[PDB]
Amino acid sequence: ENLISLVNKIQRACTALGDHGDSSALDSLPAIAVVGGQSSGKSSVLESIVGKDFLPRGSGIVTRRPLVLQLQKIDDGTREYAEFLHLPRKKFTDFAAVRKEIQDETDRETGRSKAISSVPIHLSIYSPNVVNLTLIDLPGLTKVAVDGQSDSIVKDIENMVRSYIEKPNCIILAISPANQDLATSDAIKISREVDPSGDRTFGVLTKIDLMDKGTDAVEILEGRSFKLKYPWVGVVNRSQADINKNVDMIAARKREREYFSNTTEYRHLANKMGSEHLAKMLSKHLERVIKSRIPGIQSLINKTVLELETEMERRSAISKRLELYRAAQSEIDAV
């Protein structure tokens, strides 16, 4: 946005701004939700896509509640800020303090005896560099249960995640790590469970820098091995050591490119992965979702003509219309 906001104003803001309000039903953008095993790097991937560090990452079980994020477009007031449902009248401008608030509110309802809840935390990020969009961070799938956590926890997480991911209007980010065999991927498992067609599922390969010497991801990345409707995108997020070093997101971006480029087995694929390519890819995908709608250029044509003697009338109405097409035709090859 980048690409996607240009498209959005081109109607929703500036040129569907035309005459509405006579039974026009009805621009909902589908959510994007991360799924994958416990500690596959979901929170790291989601941050990267939003472009700022604001989600607790690490251990261990760290995301223990669904975190429903709504990005919100703002009257280009250079006034960027975040705000929680559970804390009205409180605005943040330091995403580290948002990150910290996410951790406290999560503790509030659980404890370091490591239980998960299904009641979401709601958070909004206001920005003129974003478009209206819900994003969803989720606790990772486990197989066991331990520390002290409930005995039921295993499928409680399985339903929580299923509860979001079921909805057809949900883009699924299936996060699988490259240091386990794909056959063992909880994320590939679940994203078949709910979206057999694999139609709204993008696959993300994390921890490529963590592979056993003698192995490499080339076969998965290059769609050789397990094949998806969309090409696998590989990422290198930052390490646990990098988390205690408080390495920042701009450093991690560089690092990530000093891997896909400086690694031999990967170089010929570099211009096609990293979190940035993934967000582009995500961008290009939802670009198609609203364009699919633009065959409402027929309801532009609805009026226009069948106005031509509706009484002069308005060469003015048929001036908006000119200017509507102006826009709904000056957004041709965005995808």
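When you see a residue number, it is the position in the sequence shown, counting from 1.
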- [ ] Could you bin the unmodelled part of the deposited chain lying between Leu26 and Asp27 as none, 1 to 3, 4 to 9, or 10 or more?
- [x] 4 to 9
Task: 70 to 78 versus 119 to 127 - greater average Cα B-factor per the deposited record - done: 70 to 78
TODO: Would you mind comparing 289 to 297 and 56 to 64 for me and telling me which has the higher average C-alpha temperature factor in the entry?
DONE: 289 to 297
TODO: Between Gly214, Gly198, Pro177, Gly148, let me know which has the highest C-alpha B-factor in the entry?
DONE: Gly148
- [ ] Please place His86 in the lowest, middle or highest third of its chain by C-alpha B factor as given in the entry.
- [x] lowest
TODO: Relative to the other modelled residues of the same chain, rank the CA B-factor of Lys272 and answer lowest, middle or highest third.
DONE: middle
Task: Modelled-residue ranking by C-alpha temperature factor, third containing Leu308 - done: highest
Open item on the list: Lowest, middle or highest third: which one holds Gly223 when the chain's residues are ordered by CA B-factor from the entry?
Closed with: middle
Task: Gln103, C-alpha B-factor rank within chain (lowest, middle or highest third) - done: middle
